[PDB]
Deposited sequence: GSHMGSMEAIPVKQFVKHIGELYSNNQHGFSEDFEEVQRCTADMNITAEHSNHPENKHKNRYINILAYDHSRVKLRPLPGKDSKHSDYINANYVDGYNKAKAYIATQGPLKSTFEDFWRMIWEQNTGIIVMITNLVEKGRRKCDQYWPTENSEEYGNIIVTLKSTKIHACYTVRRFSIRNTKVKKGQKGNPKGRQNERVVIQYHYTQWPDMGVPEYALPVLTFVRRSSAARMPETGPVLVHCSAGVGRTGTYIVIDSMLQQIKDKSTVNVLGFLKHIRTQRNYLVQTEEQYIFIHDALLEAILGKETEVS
């Protein structure tokens, strides 16, 4: 199981799709088993102090990879946020994969962004989907909003067909200021799940190209911060790999980052979607 030449990969996809996606099912089942013989601790996520900081009780942040907040005077657990570094193709810790912030963790969320020198946010969910609460709004509708010692100012917005780009300037009262740009994918079906990959490919390319040398990791979140988040991470990384080596290793890369945050790429449908995105990128020449 190693890099497939980019020229065979598209044929590989035909094979994975055939006989009612039997191949895809094998692969993804292998993904879900890939940690069967691994005990990976998440003690901090489970500590009684940090429970209210987890959006879902079963979606945790592995200890070894968890992003740490600088501790606060005089609580012991003021260092916890449900978030993990994840590798990209290029560098280690190219991403912070995290849950959609809760109101109760908005300060942590922006503090992490400051401390980690993050300059790009990728949001892959709407606040509400199909009448359900997915994410609380951690940014100002207009002008400024204060979260702890970080003051966030919305500078501009461009609303595209399928996603929105908001440019913020944030300030640490401790002032020192930084630009943070948020790429927010907004197109989510009332019924069923996303199907066409091309708009997503474009969203990935543009949000990825926005990364600045040399800055902190890109923050990527959806609701739980695992399924759609992992899908973005694999598509982005594999495009890097294709550009660099003209090979692809979806199954191997995904098994790897699965050790860094639980459940990255959560469904077979997302797993298939990854391939469609990459197929679109390869066929588009």
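Residues of the deposited sequence lacking C-alpha coordinates fall in the stretches 1-6, 81-82, 183-194, 306-310, numbered from 1.
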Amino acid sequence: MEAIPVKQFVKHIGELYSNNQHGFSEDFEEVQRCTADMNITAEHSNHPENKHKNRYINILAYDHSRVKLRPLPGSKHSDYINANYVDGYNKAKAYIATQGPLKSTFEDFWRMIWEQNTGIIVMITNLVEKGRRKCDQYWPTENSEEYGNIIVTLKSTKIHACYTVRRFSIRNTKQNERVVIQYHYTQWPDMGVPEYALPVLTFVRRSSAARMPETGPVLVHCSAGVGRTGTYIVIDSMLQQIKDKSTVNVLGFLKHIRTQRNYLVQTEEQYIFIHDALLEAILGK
From here on, numbers count along this sequence of modelled residues.
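Rigid core: the largest C-alpha set superposing within 1.5 Å between the two forms.
Relative to the shown model and aligned on the rigid core, the C-alphas in 7 other deposited structures of this protein deviate most, among 95-103 and 180-188, for 180-188. For the pair 83-91 and 156-164, rigid core superposition yields a higher RMS C-alpha distance in 7 other deposited structures of this protein in 83-91. Judged by the one-third criterion across other entries of this protein, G74, though modelled here, is missing from at least a third of those that model both its neighbours. Among other compared entries that model residues flanking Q175, a third or more give it no coordinates. Relative to its counterpart among 264-272 and 7-15, 7-15 has the higher mean temperature factor, C-alpha atoms as listed in the PDB entry. Mean C-alpha B-factor is higher over 213-221 than over the other stretch, the pair under comparison being 230-238 and 213-221. Comparing the listed residues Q182, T186, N172, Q99, the entry records the largest Cα B-factor for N172.
Among the modelled residues of the chain, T118 sits in the middle third by CA temperature factor in this PDB entry. In the PDB entry, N46 places in the highest third of its chain by CA B-factor. Ranked within its chain, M1 lands in the highest third, by CA B factor from the PDB record. The PDB entry assigns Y80 a C-alpha temperature factor belonging to the middle third of its chain's modelled residues. The PDB entry assigns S65 a C-alpha temperature factor belonging to the middle third of its chain's modelled residues.
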